[PDB]
Amino acid sequence: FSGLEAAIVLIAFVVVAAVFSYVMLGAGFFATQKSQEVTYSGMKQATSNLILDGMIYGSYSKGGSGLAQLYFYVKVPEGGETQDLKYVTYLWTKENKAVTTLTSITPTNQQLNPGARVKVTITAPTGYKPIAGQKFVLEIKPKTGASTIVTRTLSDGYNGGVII
Amino acid sequence: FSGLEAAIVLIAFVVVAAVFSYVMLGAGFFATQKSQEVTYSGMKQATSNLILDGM
Amino acid sequence: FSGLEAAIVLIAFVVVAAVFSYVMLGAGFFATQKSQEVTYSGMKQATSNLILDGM
């Protein structure tokens, strides 16, 4: 029995080790580099949150169907991540109707640096224009971020203007 | 079976550990340094309030 | 010295690995499935609260 053949095998033990070592490192870096991505996205998930800033105003018409335009400022926290309103979606409801997502918004295509604001203008779709005394909900859904909801009910009253 | 090859692997276990250790720390500092920023901004969000004074 | 015998052992290293692997998974699922139960009970502990209503 000669160690000459033991050498032949010793290569094989070493080689598969190096290959496993090679891949495990590659498997490992990817493990790490993946573990990093979820973390970066993880913080970005929380901090990318967008916010309704201050009162919700609206245009209203007596002879018209009701609340037509709606005005509310939307902002990003000073520590937040920048945003794209093109990808924000505004869900709308008039007095426990079904939902319809909302099409016509003035800032259709603009970005907000964190710690800035914009005047969003919603027009409710043909059937969903709320009238005095009818509550409506507006869910503001920024892409990658906590989604708000702002429910209001027009006082039965309200020829228009600020929604208290 | 020789531990000579076990060494070859032991490197690999250690190295990926050190790299993960390396990045996780970097991932971690950023986690922390991010966690700090939101806090600083968080207090700054509340305390930066401005007020109408008098009539 | 022949790797023929190394094979005989290589089985043994692999087998005890697979058995440990086998059990650790079983140990692990139970670990998880236990970790789930305490959580379910944990929320159920708080939310199962009962209240005196009115006078």
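Calculation criteria
Residues numbered from 1 in each chain as written, not as in the entry; some residues may be left out. Chains lettered and ligands numbered in written order. Part of a larger assembly, values for the part shown. Heavy atoms only, no water. UniProt positions renumbered as here; feature names shortened; annotations may be inferred. Helix = DSSP H or I, 4+ residues; strand = E, 2+ residues; numbered from the N terminus. Expected span 1.5 Å × (residues − 1). Buried < 20%, exposed > 50% of the residue type's maximum accessible area, 1.4 Å probe, protein only. Contact = heavy atoms within 4.5 Å. Polar contact = N/O pair within 3.5 Å; in protein donor to acceptor, adjacent residues only side chain to side chain. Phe/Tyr/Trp six-rings, centres within 6.5 Å; stacked < 30°, edge-to-face > 60°.

As summarised from the PDB record, the model derives from cryo-EM at a stated resolution of 3.4 Å.

Novice: Just checking my understanding: could you explain the UniProt feature "transmembrane region" (unreviewed entry) in chain A for this structure?
Specialist: When the UniProt feature table is mapped onto this chain numbering, "transmembrane region" (unreviewed entry) sits at residues 6–31 of chain A. Each end of residues 6–31 of chain A is marked by a C-alpha atom, and these two atoms are 36 Å apart; helix forms 100% of the span and strand 0%.

Novice: How should helix α1 (residues 3–47) of chain B be read in this particular structure?
Specialist: An α-helical turn contains 3.6 residues, so any two residues separated by three or four positions project in the same direction. For α1 of chain B, spanning 45 residues, the distance from its first C-alpha to its last is 63 Å, which sits close to the expected 66 Å at 1.5 Å a residue. Burial in α1 of chain B covers these residues: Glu 5, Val 9, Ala 12, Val 16, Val 23, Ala 27, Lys 34 and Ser 41 of chain B. Those residues of α1 of chain B that are buried lie in contact with α1 (3–47) of chain A. The N-cap of α1 of chain B, judged by a side-chain oxygen 3.1 Å from the amide nitrogen of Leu 4 of chain B a few residues on, is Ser 2 of chain B.

Novice: Would you explain the packing of aromatic side chains in this entry?
Specialist: The geometry of an aromatic ring pair is captured by the separation of the ring centres together with the interplanar angle, meaning the angle of the planes. Residues and elements named next belong to chain A. Following the criterion strictly, the structure yields seven aromatic pairs over all chains and no others. On the basis of an interplanar angle of 85° and a centroid distance of 5.4 Å, the ring pair of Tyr 60 and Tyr 158 is categorised as edge-to-face. Placement of the pair is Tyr 60 in the loop between β1 (51–58) and β2 (69–75) and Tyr 158 in the loop between β10 (150–153) and β11 (161–163), with a sequence separation of 98 residues. Take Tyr 60 and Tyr 158: they sit in the same class, and that class is buried.

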